[PDB]
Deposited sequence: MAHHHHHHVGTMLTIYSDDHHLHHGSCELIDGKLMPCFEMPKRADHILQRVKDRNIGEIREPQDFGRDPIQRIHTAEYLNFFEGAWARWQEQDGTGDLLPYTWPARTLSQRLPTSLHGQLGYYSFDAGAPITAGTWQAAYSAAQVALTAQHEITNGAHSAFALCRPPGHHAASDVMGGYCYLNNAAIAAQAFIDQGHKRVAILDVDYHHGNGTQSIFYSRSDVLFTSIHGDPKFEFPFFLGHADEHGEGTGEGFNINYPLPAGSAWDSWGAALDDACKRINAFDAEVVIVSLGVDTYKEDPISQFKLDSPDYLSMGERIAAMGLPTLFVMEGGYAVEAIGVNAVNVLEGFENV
């Protein structure tokens, strides 16, 4: 099948090269669907802060990245200050989301890539590939972090619901927890969130991703975390994947949005799992086994030499079935 469409605006080199080489499908640049769909997920205050945060930082002759150095952690009140760094902490949970001169445009653009690829599936396609940089799954509704500024996968999922789908499901195969994606839908039952990550007991982001986070309110039952121990290989990982996909199918998801990080690779420096490039074909073949329209959204992965092979193996395997 030469059917899946890739959307794109060193690392995207290897991915895009492998997309042509393995004949996944055509590549197209994004269209601009505006700020409204992003604001279906992110609060207006957060988007406004984000739009003007670097301009405000140049108003003080600030040199280098804009970065938070204080956070509203335990014993403190979760109350919004007015100074620029005070707010940056309010809207963040680590020092991993640095703001520079092009961060907003770059983040806005990634959400459009996701939304474009999203609209391909609405216009009849069975699958698409949103090659997003920066990634998004660590970003919550008004918290940024871990190189995530806007939650592309959550924005694409929300688009599917606003376009008439009763239920959809996010499957997050990134090595890290989708703490932002979890937080965004934590109390909803129209979006199921599954995630296979390194156990937050030892792994970033530490403070979400435990298996006993099932949702709150009406979203109880529709948050499913699969924390695995360091050293995990495909026998454990793929057994989590099997359980997760069965859950998605019993939830009667009408589309599945795949948060595709390939930093599970054994040669990835941030990884503590032991997946090999063959494992990614198998991950595509199992995801395809759900029989649903499937949107793949790029998340994490160090620009190793094999990032194109690892990521496009999922798409290859998907189209294999």
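Stretches of the deposited sequence lacking C-alpha coordinates, numbered from 1: 1-8, 18-41.
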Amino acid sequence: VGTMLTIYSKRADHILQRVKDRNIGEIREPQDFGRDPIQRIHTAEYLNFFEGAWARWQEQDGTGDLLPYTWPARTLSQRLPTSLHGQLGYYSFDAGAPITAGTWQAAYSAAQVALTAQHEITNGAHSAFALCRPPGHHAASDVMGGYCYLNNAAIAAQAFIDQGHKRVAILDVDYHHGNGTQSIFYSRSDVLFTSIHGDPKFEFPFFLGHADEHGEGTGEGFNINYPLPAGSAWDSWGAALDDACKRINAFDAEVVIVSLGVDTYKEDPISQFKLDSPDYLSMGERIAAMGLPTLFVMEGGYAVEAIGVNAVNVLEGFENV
From here on, numbers count along this sequence of modelled residues.
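Stretches compared: 59-67, 287-295. Higher mean C-alpha B-factor in the entry: 59-67. Averaged over Cα atoms, the B-factor as recorded in the entry is higher for 26-34 than for the other of 26-34 and 278-286. The residue among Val191, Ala106, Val143, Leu115 whose C-alpha atom has the highest B-factor in the PDB entry is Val191.
Per the deposited record, the Cα B-factor of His214 falls in the middle third when ranked against the other modelled residues of its chain. The entry lists a Cα temperature factor for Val1 that places it in the highest third of the chain's modelled residues.
Per-chain ranking of the deposited C-alpha B factor places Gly198 in the middle third. Remark: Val19 belongs to the middle third of its chain, ranked by C-alpha B-factor as recorded. Per-chain ranking of the deposited C-alpha B factor places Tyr147 in the highest third.
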